[PDB]
Amino acid sequence: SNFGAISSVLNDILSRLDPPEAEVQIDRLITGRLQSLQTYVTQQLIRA
Amino acid sequence: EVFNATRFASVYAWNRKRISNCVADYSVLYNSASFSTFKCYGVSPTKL
Amino acid sequence: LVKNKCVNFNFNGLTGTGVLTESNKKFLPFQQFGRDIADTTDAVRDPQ
Amino acid sequence: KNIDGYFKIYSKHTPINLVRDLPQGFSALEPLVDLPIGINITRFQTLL
Ligand SMILES: *[C@@H]1O[C@H](CO)[C@@H](O)[C@H](O)[C@H]1NC(C)=O
């Protein structure tokens, strides 16, 4: 998932983009992919 | 030939020219640098 | 093309770092990549 | 079909015995031709 970011793959956001782009883009990935863990983690804890 | 062409068509026409089965460097486009605004959107013209 | 030894690589701009092998997988002719679930790049095809 | 200036064609050259109508049965259709032309089509007619 793109989490609104302009690509799925990090490299292709890395490569293509200027850091002041990449930064603001790479956040959306991170903040998304991060939050995906906390979901996945919590599910474990609750399940476990 | 894309730049050094003679007349460029008016705006309500234009030519989408395939450049293919070939190698295209971008320095000679980029680093020639008489180009007023070379403004990339996704890519960073070094990365090309 | 180094094989079965961990290499960085780029194939046609599609990059990563992998351990390249040879494969039983049979493309259909027109194809280029493979994948698997994650937006993995699983198999490729030697471009040359 | 024509997708944004491309064009596609898929195929089977495949045997049947029935006079009147389709053998009811499933077949996938892998592409033969791919043409990123740029033409549009609103209508058509076969030939004989
Ligand atoms: C690379 O050269 C080989 C000949 O050794 C040829 O078979 C192959 O088609 C070439 N690559 C491409 C992409 O055409």
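Before moving on, here are some points about what is shown:
- Taking the square roots of 5 times each eigenvalue of the Cα gyration tensor of the protein assembly as shown, largest first, gives ellipsoid semi-axes of 36, 33, 21 Å.
- At 1.567 mPa s and 4 °C, Stokes D of chain B from Kirkwood alpha-carbon radius, µm² per second: 99 µm²/s
- Under the Debye formula (equal points on every Cα, no solvent term), log10 I(q)/I(0) of chain C at q = 0.17, 0.18, 0.21, 0.22 Å⁻¹: -0.51, -0.58, -0.80, -0.88
- By other beta-carbon atoms within 10 Å, ranking A:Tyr40, B:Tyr12 with the fewest at the front produces B:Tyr12, A:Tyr40.
- log₁₀ of I(q)/I(0) at q = 0.26, 0.33 Å⁻¹ - chain D, Debye sum with one point per alpha carbon: -1.03, -1.17
- Loop-located chymotrypsin sites (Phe, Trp or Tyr not before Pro) in chain C (DSSP state other than H, G, I, E, B) with a sparse environment of at most 12 neighbouring Cβ atoms within 10 Å: C:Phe30.
- Total formal charge among the other residues, if their Cβ is under 12 angstrom from that of A:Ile13, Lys/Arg +1 and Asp/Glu -1: -2
- Taking a straight Cα-Cα cut-off under 19 Å and skipping sequence neighbours fewer than 8 places away in the same chain, the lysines within cross-link reach of D:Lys1 are D:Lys12.
- J(HN,Hα) series, region C:40-48, from Karplus relation 6.51 cos²θ - 1.76 cosθ + 1.60, nearest Hz, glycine and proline x: 5, 9, 8, 10, 9, 9, 4, x, 4
- Per-residue [θ]222 nm for chain B (sum of -39500 (n - 2.57) over DSSP H runs n ≥ 4, rounded to 500): -1000 deg cm²/dmol
- Protection proxy ranking, highest mean first, for peptides A:12-22, D:5-15, D:20-30: A:12-22, D:5-15, D:20-30, where packing is the per-residue count of other beta-carbon atoms within 10 Å, averaged.
- Sorted from longest to shortest, the spans of the Cα atoms of chain A along the three principal axes equal 43, 15, 15 Å.
Laboratory data are not the source of any read-out in this text; all were calculated from the coordinates shown. With ideal geometry, Cβ positions are generated from the backbone for all residues, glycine too; neighbour counts draw on all protein chains shown.
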